[PDB]
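The chain below stands alone, shown as structure tokens; this is the form deposited in one PDB entry.
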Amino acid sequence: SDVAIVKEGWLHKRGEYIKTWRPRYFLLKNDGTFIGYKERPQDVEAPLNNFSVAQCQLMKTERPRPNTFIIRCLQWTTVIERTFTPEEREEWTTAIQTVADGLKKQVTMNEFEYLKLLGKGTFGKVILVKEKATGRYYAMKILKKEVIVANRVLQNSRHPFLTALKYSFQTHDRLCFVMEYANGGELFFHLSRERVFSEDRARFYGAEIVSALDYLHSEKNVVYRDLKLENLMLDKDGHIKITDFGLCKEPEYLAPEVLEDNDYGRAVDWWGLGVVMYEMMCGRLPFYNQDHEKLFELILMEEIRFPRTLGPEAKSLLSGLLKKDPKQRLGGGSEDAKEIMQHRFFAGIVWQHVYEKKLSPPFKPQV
């Protein structure tokens, strides 16, 4: 199957973490691809599902400026949205919706029992529910369907280190997603009590993250982009479970190309591997400051310092993961997760073993 450009041109994309207005050249193809570039590209390669406008609908508004439209897609279980003379704004938003709809062409609210509120966001709330039929618990992501809409594909998407989506059902006004719940708390906790983690213990959590990210990259062709210490829970045995609770805005964990609103890919995930792993092995964020203009400046501009404790392999790995330039960042190459798996700091490891959970958990949750 081949595809052509439905429409293209310059667009003003609005920064999410730096809310300047930015010029980007976009092109929509009839695979669903909607991608913006730093400048008018040449050959015009398998893009990520992130840049696909499937299951979307648009919008128009004159704030902060008069010519503006908005897209809101339901990616997996999350709702994402992006903010971009007035005549075009009714042809662009014509084509995008066309392809979106063209691309679309191809358990009830209570077996569950409310337990507590896990969190709330612009687009909804996350709930703990006991299954009244089973007893074992779940998290339930409840999105308001009128922000967007105003398949058991979820058995393929099983990975030992990702929280599983077990049920998704709709009702009168809400979109519900029932994902599994890990018992053993999240790292942010256990790292506070421990202050820092050995390289061995950091190699355990990093390895399981890499397995999960490899899986999302190769199999699902999506970047996760939200890798942060607080998004890592443990199951009852102490193994990783990466959470999926995005309700709107989740910065210290985002890569330069993301805060700048440039082209990004699988590399933003490895950057975050860098930050999460640096944070484990050092006790501190690599880039922090109470002031946000300083925070962004550190991440984009400044070098990273290593405590003297750190072995040569551990810092070769962190330096590479935390390169500012994506095409130079360890993992940003064509082989992706493999060049991480093959770095010397992970020497000896056979990765089918990590998948199978043959690795010894440094920390057993009391559950």
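Residue numbers here begin at 1 and follow the sequence given. Under this definition, the rigid core comprises the largest set of C-alpha atoms superposing within 1.5 Å between the forms.
Note that the form deposited in another entry isn't included here; everything after this is about it.
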| query | Following superposition of the rigid core, which of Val99, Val275, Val178, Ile209 is the only residue with a C-alpha displacement of 2 Å or more between the shown form and the other one? | reply | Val99
| said: Given a superposition on the rigid core, I'd like a yes or no on whether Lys338 shifts its C-alpha by 2 Å or more between the shown form and the other one. | reply: no
| Taking the rigid core as the reference frame, is the Cα of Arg63 displaced by 2 Å or more between the shown form and the other one? | yes
| C-alpha of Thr134 off by 2 Å or more between the shown form and the other one on rigid core | yes
